[PDB]
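Novice: Next one to model:
(chains A, B, C, D, E and F)
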Amino acid sequence: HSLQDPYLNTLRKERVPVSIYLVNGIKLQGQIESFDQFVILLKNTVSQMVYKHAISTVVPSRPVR
Amino acid sequence: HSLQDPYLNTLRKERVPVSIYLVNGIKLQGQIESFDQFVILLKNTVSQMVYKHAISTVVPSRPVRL
Amino acid sequence: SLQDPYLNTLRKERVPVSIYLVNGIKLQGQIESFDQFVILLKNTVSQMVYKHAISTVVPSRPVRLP
Amino acid sequence: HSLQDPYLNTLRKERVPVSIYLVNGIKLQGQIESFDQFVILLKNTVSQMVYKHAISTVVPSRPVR
Amino acid sequence: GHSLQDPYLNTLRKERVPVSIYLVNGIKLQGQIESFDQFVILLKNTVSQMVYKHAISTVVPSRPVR
Amino acid sequence: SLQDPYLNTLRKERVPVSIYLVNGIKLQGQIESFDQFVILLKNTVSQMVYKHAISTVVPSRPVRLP
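Specialist: Numbers count the residues shown, from 1 in each chain, chains lettered A, B, ... in the order given. Let me share the structure:
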């Protein structure tokens, strides 16, 4: 929405390394390649499709905006 | 959102420290910088975007007046 | 709708309740207010609880059902 | 809801004791007093409102048609 | 939409294929799909229990199906 | 949509993938088919996986992205 999109898009455009924490406790790390209404593609060695419904928090490695 | 929006907006506007408990049991702390229909941006020692679907409760450090 | 009048009765009559979360945690207090997605619980700890994180709402006494 | 509603209504009307297992593993028991799109009211000692999103299964104590 | 799910469940139902339904909490239910709608599946063995799809992780047939 | 073309690439190229569920369980195989709500995973035993129970889809090798 009005916050989530610009936030993720800024992270995407600025290629900021992020830590994505899943609801189960697992921590994912990488950079946001792209995202749509339901998923986020996290890129590194091999990219992976993360369902937003499985995400708890997105923590940037450095301050943004 | 007749209650949620005014509540979160008051916490935000008044810089009220809050504790956000996640469904998995993890406790997040800080002040609400902004929010929308699905996420809340928390800031202080660790700035982060929290998905509401992962939140169980939001406990203000002090009660909120609407 | 049954959820709304049920909650409104608990609210209006200031009935003490126990709100059990999906993670097993038990919250206690009286419902101060609520909307489509959240419930504001108050007494010992004032907090906004997301309904999506609630498993059950158990009143301390029987109440008029809708 | 061509199946859910008739099923729950049958259990409600016939007052069939049921076991409602929650997604977290807890087992609730009693009779279905009523239900709507999102919740089910279960009666035992005091009635409790159960959110369907927290329910995994509804198991009747005896078979029903 | 349901171009895969519906035909899949209906085939399992019509052919009475033994199936295992794994829930998100880890529970494994066994039996056969007797019926289903948009939100639930009726699984039959000892008694027919209603399973909410939201609580299901996977549906695994006892044998391949076409 | 980003999800559909991505899943379709995995499907068409028959790419080996790991599907991690929200409860931490790891499933392996390949995407045989999918619709708006489910994915058909093929390996030693085929199974229908509900997307709501999936946390991440990880291919065994880099693939073309949407």
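Novice: Which single residue in chain A comes nearest to chain F?
Specialist: residue A:54 (3.5 Å; Cβ to the nearest Cβ). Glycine gets a C-beta too; all of them are placed from N, C-alpha and C.
Novice: Ramachandran angles for that residue?
Specialist: Note on residue A:54: its backbone torsions stand at phi -100, psi -10 [degrees, to the nearest 10].
Novice: Tell me where chain A has strands.
Specialist: If you assign secondary structure with DSSP state E, the strands in chain A sit at A:18-22, A:27-35, A:39-43, A:48-51, A:55-60.
Novice: For the longest one, buried residues please.
Specialist: Within strand A:27-35, the residues that count as buried by 16 or more other Cβ atoms under 10 Å in any protein chain shown are A:28, A:30, A:31, A:32, A:33, A:34, A:35.
Novice: Just give the number of residues close to the closest residue to chain E within chain A.
Specialist: For chain A and chain E, the shortest gap (Cβ to the nearest Cβ) falls at residue A:24, measuring 10.5 Å. Using other Cβ atoms under 10 Å in any protein chain shown, residue A:24 has 15 neighbouring residues.
Novice: got the residues of chain A near chain F?
Specialist: Proximity of chain A to chain F (Cβ under 8 Å from any Cβ of the partner chain) is limited to residues A:22-26, A:28, A:33-36, A:38-39, A:41, A:43, A:45-51, A:53-54.
Novice: Name only those of those that count as buried.
Specialist: A:22-23, A:28, A:33-35, A:39, A:41, A:43, A:47-51, A:53-54.
Novice: Between these, which sits nearest residue D:65?
Specialist: The shortest approach to residue D:65 among those belongs to residue A:53, at 36.5 Å (Cβ to Cβ).
Novice: okay but the closest one is in contact with residue F:52, surely?
Specialist: Yes - when contacts are counted by Cβ atoms under 8 Å, residue A:53 is listed as touching residue F:52 (6.4 Å).
Novice: shared neighbours of the two, anything?
Specialist: Between them, residue A:53 and residue F:52 share these contacting residues under Cβ atoms under 8 Å, 6 or more residues apart in numbering or on different chains: residue F:22.
Novice: check whether stretch A:7-25 contacts chain B.
Specialist: Yes - interface with chain B: stretch A:7-25 contributes A:7, A:8, A:21, A:23, A:24, A:25 (Cβ under 8 Å from any Cβ).
Novice: Stretch A:38-57 now?
Specialist: Yes - applying Cβ under 8 Å from any Cβ, one finds stretch A:38-57 in contact with chain B at A:52, A:53, A:55, A:56, A:57.
Novice: ok, of those residues, which come out buried?
Specialist: Neighbour-count burial (16+ other Cβ under 10 Å) is assigned, among the residues of stretch A:38-57 next to chain B, to A:52, A:53, A:55, A:56, A:57.
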